[PDB]
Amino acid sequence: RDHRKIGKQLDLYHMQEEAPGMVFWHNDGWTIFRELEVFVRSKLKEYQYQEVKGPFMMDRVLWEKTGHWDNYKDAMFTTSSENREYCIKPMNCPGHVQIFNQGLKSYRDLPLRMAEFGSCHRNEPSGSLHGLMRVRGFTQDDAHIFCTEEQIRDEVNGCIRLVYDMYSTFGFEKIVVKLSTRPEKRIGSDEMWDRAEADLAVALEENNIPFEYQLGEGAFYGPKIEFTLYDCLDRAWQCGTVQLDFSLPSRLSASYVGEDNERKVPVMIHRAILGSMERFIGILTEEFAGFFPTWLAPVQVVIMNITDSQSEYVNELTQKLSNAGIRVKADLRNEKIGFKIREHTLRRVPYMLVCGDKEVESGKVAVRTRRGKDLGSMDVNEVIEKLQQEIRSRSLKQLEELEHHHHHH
């Protein structure tokens, strides 16, 4: 089932014609986006990345210098102020290079790993738009690594390791990998492309990763390893990408002082792990058919009463779970228990805590899941500890559950 239908069902986002391919993230979809940012940040910390933010627009002159204007013109939105023309950024790399270019850099500063949740706009043909998977405004979990020639192997290897490490959290382990080689419109010499292409192929080989070439699909500035994930119709979507660039730094006058006090141009590795937040959310939505892992679930727990008699109890518990950091909602409606459960199941809420008279008495809760399972009564404190552990460990599967819902086995 399509992520667009599931997105409406869970009130995650919408789009209008007033803004084709521009996403409106509602509260619950934004919750997912934000949790993914937190997850990526935990990895940026561990793998020692800076995190920056570059501006939305820069002078067209800068975009001409990179080769974007010649090779990327059709896709760029432009605007102007006071007789000067600006491009809304389609990529974050040039901004990163401008940051690099502030202050003298030395070999001591390398590898310099510079991440950004970088908002890009690309004027994708309106015929090619597709839900969250192909929009016009999207946010990459981007980074550029500025390094020496001698550091390419280790740094490309690090990016590859990070892809599998992050994808394993979602249960994606058998990943389809491509090496996209020099496109017809490109900058840089043949010799530079032969080297960059060999370097990426050797890294994949060294990591024992099977891949195929994809002829002519590289970026204008360098070849790309692509990590493909599949949607519900098995369409291939580029998500992770690791790219090797011997051209942009030089075009933008990037340099550092080497060990012999000579001026050197840094190599730049580009990579995104999730790809874009929008595309990755669309993929997860379809793969899990909206059964997001508890850490990602917009609403983690719903606590419900049978009658008005338990309203006070449900309210205390909701407050208690909320202070414990759990995303929790009360459902106090005069509706049958089965009716409530069906609704919150369609809403894909991991856990539903049913409070009848006996629950109020014993200070317990009757626990149901969105997979139709009855986990009996549990102590409130026990439920809290078990949920907190499920959240903190970013567990793919629920209490007492063998297999989470996922389309591709």
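Residue indices: 1-based, along the sequence shown. Superpose the two forms; the largest set of C-alphas matching within 1.5 Å is the rigid core.
Stretch 232 to 240 is the one, of 232 to 240 and 297 to 305, whose CA positions lie farther from the shown form in 9 other deposited structures of this protein once all structures are superposed by the rigid core. Greater average departure of CA atoms from the shown form, over structures and residues in 9 other deposited structures of this protein after a core fit, characterises 306 to 314 among 152 to 160 and 306 to 314.
Here the stretch with the larger average CA B-factor, out of 263 to 271 and 326 to 334, is 326 to 334. Of the two segments, 316 to 324 and 222 to 230, the one listed with the higher mean B-factor is 316 to 324 (C-alpha atoms only).
Comparing C-alpha B-factors across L44, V365, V349, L36 in the deposited entry, the largest value falls on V365. Remark: of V52, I32, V40, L375, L375 shows the highest value [criterion: C-alpha B-factor in the PDB entry]. Annotation for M304: CA B-factor lies in the highest third of the chain's modelled residues. Per-chain ranking of the deposited C-alpha B factor places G290 in the lowest third. Among all modelled residues in this chain, the alpha-carbon of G127 has a temperature factor (C-alpha) in the highest third.
When all modelled residues of the chain are sorted by CA temperature factor, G258 is found within the highest third. Among all modelled residues in this chain, the alpha-carbon of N27 has a temperature factor (C-alpha) in the lowest third.
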